[PDB]
Amino acid sequence: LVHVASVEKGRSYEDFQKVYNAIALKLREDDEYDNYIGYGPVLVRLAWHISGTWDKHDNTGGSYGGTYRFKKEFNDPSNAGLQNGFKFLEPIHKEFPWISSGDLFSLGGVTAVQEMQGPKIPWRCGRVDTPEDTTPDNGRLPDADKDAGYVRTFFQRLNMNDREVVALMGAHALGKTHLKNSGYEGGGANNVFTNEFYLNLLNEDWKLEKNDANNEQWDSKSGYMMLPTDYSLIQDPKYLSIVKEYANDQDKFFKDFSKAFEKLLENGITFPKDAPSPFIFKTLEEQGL
Ligand code: HEM
Ligand SMILES: CN1C=C(N)C=CC1
């Protein structure tokens, strides 16, 4: 199964920087969401979930087709809460009806990471909306109650190695868990992209507790929480080395996250050799906006 990137007719960098800017300005405006976290974190999670359906074995799923717009995927229990991100993006799509759905969802995540002071994440256009019958079944996104071996195996389906997994997981510095979405809860409120996920793993005094949904999670006094799968990154010796590396090198973390996140958002897509180079968007701050 081959998905060839096809640039939205006539469009160029500048068109996409205007979409980026509309997303970024809305992120600034709609500040009250989720007790003033704002929409950044949910948009990152949306971009990941629309991509994380991909299966390297047959090229099913993935960001290309924009299939989250269809009820089977929209209603996946693994996607509970992402409707908030979709509804944030609806007026953006209204304004720029020419962008594909996969382009919009993925660009939302890039815009969120950057506006949250994260690394620059190069982004390529040309995902093309595919029909309802191409929507992947539920059950392709990962469970949170499992161990390191589960995480490692899971991510092989997405063609991600240990470093890529540990880097991607650093997004769990952002936002929070909500009991009614996932059966996990914490006092998370962070909307600045940093390496503090790794610092927190190493430096906090973690307690394995049961939450109000009767699920186990790791809690600290300071208010942080880690899923079992997060904590597994310090229970496995190979993951632990990489957690230490990122806890000790913010720039390396940024660089590795950028590469892994772009890769995640591009898995399954064939870029023609005369496709445009990846775009690196300016932040609102860089533009004086
Ligand atoms: C083993 C892999 C992973 C598991 C089991 C997992 C699980 C979860 C769970 C259960 C939540 C809480 C959802 C809710 O209650 O609203 C969550 C939130 C989140 N996840 Fe993951 N996740 C994983 C990987 C990732 C990756 C790879 C990224 C992106 C690079 C990501 C980004 C996020 C973000 C940004 C949030 C916060 C959402 C918000 O604040 O609304 N996750 N994750
Ligand atoms: C703040 N967050 C904490 C986690 N353990 C997972 C997602 C987000």
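What counts and how
- Residues numbered from 1 in each chain as written, not as in the entry; some residues may be left out.
- Chains lettered and ligands numbered in written order.
- Heavy atoms only, no water.
- Helix = DSSP H or I, 4+ residues; strand = E, 2+ residues; numbered from the N terminus.
- Rg over C-alpha atoms; globule rule 2.2 N^0.38 Å.
- Buried < 20%, exposed > 50% of the residue type's maximum accessible area, 1.4 Å probe, protein only.
- Contact = heavy atoms within 4.5 Å.
- Areas by Shrake-Rupley, 256 points an atom, 1.4 Å probe, with all protein chains shown as cover.
- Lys, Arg positive; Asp, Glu negative; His and termini not counted.
- Charge placed at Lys NZ, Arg CZ, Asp CG, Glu CD.
- Domains from an automatic or database assignment.
- Salt bridge = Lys/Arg side-chain N within 4 Å of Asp/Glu carboxyl O.
- Polar contact = N/O pair within 3.5 Å; in protein donor to acceptor, adjacent residues only side chain to side chain.
- Pairing = 2+ DSSP bridges.
- Near = heavy atom within 4 Å.
- Expected span 1.5 Å × (residues − 1).
- Bend = angle between axes of the 7 residues up to and from the residue.

A. Structural view of the overall build of the protein. When helices and strands are counted, the protein shows 14 helices and 5 strands. Its C-alpha radius of gyration of 18 Å places the protein within 12% of the 19 Å reference for a compact globule of 289 residues. Considered along the principal axes of its C-alpha atoms, the protein spans approximately 55 × 45 × 35 Å. Going through the 289 residues of the protein one by one, you find that 55% of them count as buried. Partitioning the contacts of the protein with sequence separation of at least 6, the portion at a separation of at least 24 is 75%. Counting only carbon and sulfur atoms, one obtains 49% of the accessible surface of the protein, whose full area is about 13,300 Å². Each charge class in the protein was averaged separately, 33 positive and 44 negative side chains, and the resulting centres sit 3 Å apart.

B. Up close: the domain arrangement of the protein. For the protein, the domain assignment lists domain 1 (1–141 + 261–289) and domain 2 (142–260). On a C-alpha basis, the centroid separation for the pair domain 1 and domain 2 is 22 Å. The interface is formed by 31 residues belonging to domain 1 together with 28 residues belonging to domain 2. Taken together, the links from domain 1 to domain 2 amount to 1 salt bridge. With a closest N to O distance of 2.8 Å, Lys 263 and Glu 164 form a salt bridge. Where domain 1 touches domain 2, the interface holds 18 residue pairs in polar contact. Elements with a minimum of two residues in the side of domain 1 that touches domain 2: α2 (33–36), α3 (40–51) and α13 (250–266).

C. Just the sheet that holds strand β4 (residues 225–226), in detail. The 3 strands are arranged β2-β3-β4 in an open sheet whose pairing can be described as antiparallel. Strand pairing shows two members of the sheet lacking a second neighbour, β2 (207–210) and β4, which therefore form its edges. With 2 bridges connecting them, strand β3 (residues 216–219) and β4 associate as antiparallel partners. By the bridge assignment for β4, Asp 219 is matched with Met 225.

D. The pattern of salt bridges, seen in detail. Counted by the stated rule, this structure contains 19 salt bridges. For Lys 71, the salt bridge goes to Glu 132, with nearest N and O atoms at 3.4 Å. Placement of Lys 71 in helix α4 (residues 71–74) and of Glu 132 in the loop between α6 (101–115) and α7 (148–156) is noted, with a sequence separation of 61 residues between them. Note that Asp 256 is salt-bridged to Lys 252, the shortest N-O span being 3.1 Å. In this pair, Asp 256 and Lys 252 are both assigned in helix α13, 4 residues apart and thus about one turn of the helix distant. By relative accessible area, which is 6% here, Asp 256 ends up buried. Counted as one network, the salt bridges with shared partners bring together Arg 163, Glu 245, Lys 252, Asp 256 and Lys 259.

E. The site of ligand 1, seen in detail. In the neighbourhood of ligand 1, 21 residues make up the surrounding shell, with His 172, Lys 176, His 178, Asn 181 and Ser 182 lying closest. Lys 176 has a polar backbone atom sitting 3.0 Å from an oxygen atom of ligand 1. For ligand 1, an oxygen atom lies 3.0 Å from a polar atom in the side chain of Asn 181. For the shell around ligand 1, the secondary-structure elements that each account for two or more residues are α3, α8 (162–169) and α9 (179–182). For the shell around ligand 1, the element with the highest residue contribution is α3, accounting for 4 residues. Here the shell around ligand 1 spans two domains, since at least three of its residues come from each of domain 1 (1–141 + 261–289) and domain 2 (142–260).

F. Quick peek at helix α5 (residues 83–95). A rise of 1.5 Å per residue sets the reference length of α5, with its 13 residues, at 18 Å; its end C-alpha atoms lie 19 Å apart and thus fit the reference within 8%. Most pronounced at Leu 89, the bend in α5 amounts to some 30 degrees, and the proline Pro 91 follows within four residues. Turning to α5, its buried residues are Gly 85, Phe 86, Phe 88, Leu 89 and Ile 92. The inward-facing, buried residues of α5 abut α1 (13–29), α3, α4 and α6.

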